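Chemist: Just passing along the structure, written as structure tokens.
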Amino acid sequence: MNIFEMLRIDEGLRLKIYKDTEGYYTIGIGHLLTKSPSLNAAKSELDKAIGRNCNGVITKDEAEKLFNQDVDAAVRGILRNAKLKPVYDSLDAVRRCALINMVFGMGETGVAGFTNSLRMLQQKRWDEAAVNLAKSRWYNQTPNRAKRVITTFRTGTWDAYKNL
């Protein structure tokens with residue numbers, strides 16, 4: 001289990017423009033196109049992103065390409081972020097995957113906002129951090145994926161995905 005298989009499991013794979021849990025227009029593996037209702041705004045974003053006329057339909061290769069870029073951007077964002085970096089550096093490899101997961105789905109800005117949780121993880125206070133993390137809109141909105149991420153944080157194993 002690596003970060004790519006973990007996220008494929010959590011975001012799923014779709015070849016056509018779709019709406020995410022939050023109403024937003026998405027494609028492939030969790031790739032947010034636009035937080036705006038125009039499906040026509042989304043097809044545009046899409047074409048811009050693939051560099052061709054697609055409609056709302058892309059190939060698997062296209063989605064993986066998107067995926068590779070997104071994971072890369074997530075890691076680089078973490079390493080550039082003053083809040084994120086020290087937590088990342090302090091952690092073991094599995095748990096570092098759990099933070100990439102969060103960042104990829106909620107953005108750099110969102111995760112950095114989890115101040116107290118970040119401080120607990122940095123302090124290696126696993127059970128506490130897991131309890132604090134569950135106290136969010138994020139967990140309440142998508143409980144099964146949030147619980148999977150949170151268990152990864154709590155334990156340091158890929159148990160939640162072993163499922164799977």
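Chain lettering (A, B, ...) mirrors the order of the structure tokens, residue numbering begins at 1 for each chain separately, and ligand numbering begins at 1 in order of display.
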As a compact mmCIF listing (two decimals) with C-alpha atoms, in the first residue's frame, please: the residues near region 82-88 of chain A (cut-off 7 Å, only C-alpha atoms, same-chain neighbours under 3 positions excluded).

Modeler:
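What landed in selection_34.txt:
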# COMPACT_ATOMS: atom_id res chain seq x y z
CA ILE A 78 3.26 20.38 2.37
CA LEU A 79 7.08 20.87 2.12
CA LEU A 91 6.27 11.73 11.25
CA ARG A 96 3.01 10.96 6.41
CA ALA A 112 -3.21 23.99 8.17
CA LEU A 118 -1.37 19.18 14.09
CA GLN A 122 3.63 16.52 16.29

Chemist: Write out as a list in words which residues come within 6 Å of residue 15 (chain A) when counting only C-alpha atoms, dropping same-chain ones fewer than 4 positions away.

Modeler: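 The contact residues come out as residues 28, 57 and 58 of chain A.
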
Chemist: Write out as a VMD selection string which residues come within 10 Å of residue 114 (chain A) when counting only C-alpha atoms, dropping same-chain ones fewer than 4 positions away.

Modeler: chain A and resid 83 109 to 110 118 to 119 132 to 133 136

Chemist: Atoms to include: C-alpha atoms. Write the selected residues as a compact mmCIF listing (two decimals), in the first residue's frame.

Modeler:
# COMPACT_ATOMS: atom_id res chain seq x y z
CA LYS A 83 2.70 24.88 9.33
CA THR A 109 -5.19 25.80 3.52
CA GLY A 110 -7.75 23.58 5.08
CA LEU A 118 -1.37 19.18 14.09
CA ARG A 119 0.16 19.97 17.47
CA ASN A 132 -9.76 15.93 17.90
CA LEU A 133 -9.71 15.13 14.19
CA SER A 136 -14.79 18.42 12.31

Chemist: According to DSSP computed on the backbone, where in region 4-164 of chain A is there strand (DSSP E)? Give the residues as number ranges by chain.

Modeler: A: 14-19, 25-28, 31-34

Chemist: I'd like to know which residues of region 7-122 of chain A are helix (DSSP H, G or I) (by DSSP, run on the backbone); could you write them as a ChimeraX atom specification?

Modeler: /A:7-11,39-50,60-80,85-90,93-112,115-122

Chemist: Could you state the separation of CA of residue 40 (chain A) and CA of residue 55 (chain A) in Å, given to one decimal place?

Modeler: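 We find that CA of residue 40 (chain A) and CA of residue 55 (chain A) lie 9.2 Å from each other.
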
Chemist: Please list as a list in words every residue within 8 Å of region 31-37 of chain A, counting only C-alpha atoms and excluding residues in the same chain fewer than 4 positions away.

Modeler: residues 23, 24, 25, 26, 27, 41, 42, 45, 46, 66, 67 and 70 of chain A

Chemist: Name the residues in contact with residue 12 (chain A) at a cut-off of 6 Å, using only C-alpha atoms, excluding same-chain residues fewer than 3 positions from it; report them as a count of residues only.

Modeler: 3

Chemist: Which residues come within 9 Å of residue 108 (chain A), counting only C-alpha atoms, excluding same-chain residues fewer than 3 positions away, as JSON, numbers by chain?

Modeler: {"A": [74, 77, 78, 81, 84, 102, 103, 104, 111, 112, 113]}

Chemist: Show which residues sit within 12 Å of residue 142 (chain A), as a PyMOL selection string. Count only C-alpha atoms, and ignore same-chain residues fewer than 6 positions away.

Modeler: chain A and resi 10-11+20-22+105-106+134+136+148-150

Chemist: Write out the residues from the selection above, keeping C-alpha atoms, as a PDB file, in the first residue's frame.

Modeler:
ATOM      1  CA  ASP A  10     -10.712   6.930  -1.116  1.00  0.00           C
ATOM      2  CA  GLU A  11     -11.675   9.216  -4.073  1.00  0.00           C
ATOM      3  CA  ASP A  20     -18.509  15.368  -5.545  1.00  0.00           C
ATOM      4  CA  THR A  21     -20.137  14.885  -2.161  1.00  0.00           C
ATOM      5  CA  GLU A  22     -20.216  18.731  -1.789  1.00  0.00           C
ATOM      6  CA  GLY A 105      -8.667  16.226  -0.438  1.00  0.00           C
ATOM      7  CA  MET A 106      -8.972  19.364   1.629  1.00  0.00           C
ATOM      8  CA  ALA A 134     -13.219  13.577  14.479  1.00  0.00           C
ATOM      9  CA  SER A 136     -14.785  18.420  12.312  1.00  0.00           C
ATOM     10  CA  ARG A 148      -9.987   5.512   7.476  1.00  0.00           C
ATOM     11  CA  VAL A 149      -7.549   8.511   7.508  1.00  0.00           C
ATOM     12  CA  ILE A 150      -7.963   8.932  11.212  1.00  0.00           C
TER      13      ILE A 150
END

Chemist: Which residue is closest to residue 90 (chain A)? Choose from A:2, A:155, A:38, A:123 and count only C-alpha atoms.

Modeler: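 With only C-alpha atoms as the atom set, the closest residue is A:123.
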
Chemist: Looking at only C-alpha atoms, which of A:47, A:147, A:127, A:107 is the one that sits closest to residue 159 (chain A)?

Modeler: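 Residue with the minimum atom-to-atom distance to residue 159 (chain A): A:147.
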
Chemist: Could you please determine the separation between CA of residue 16 (chain A) and CA of residue 158 (chain A) in Å, to one decimal place?

Modeler: 29.7 Å
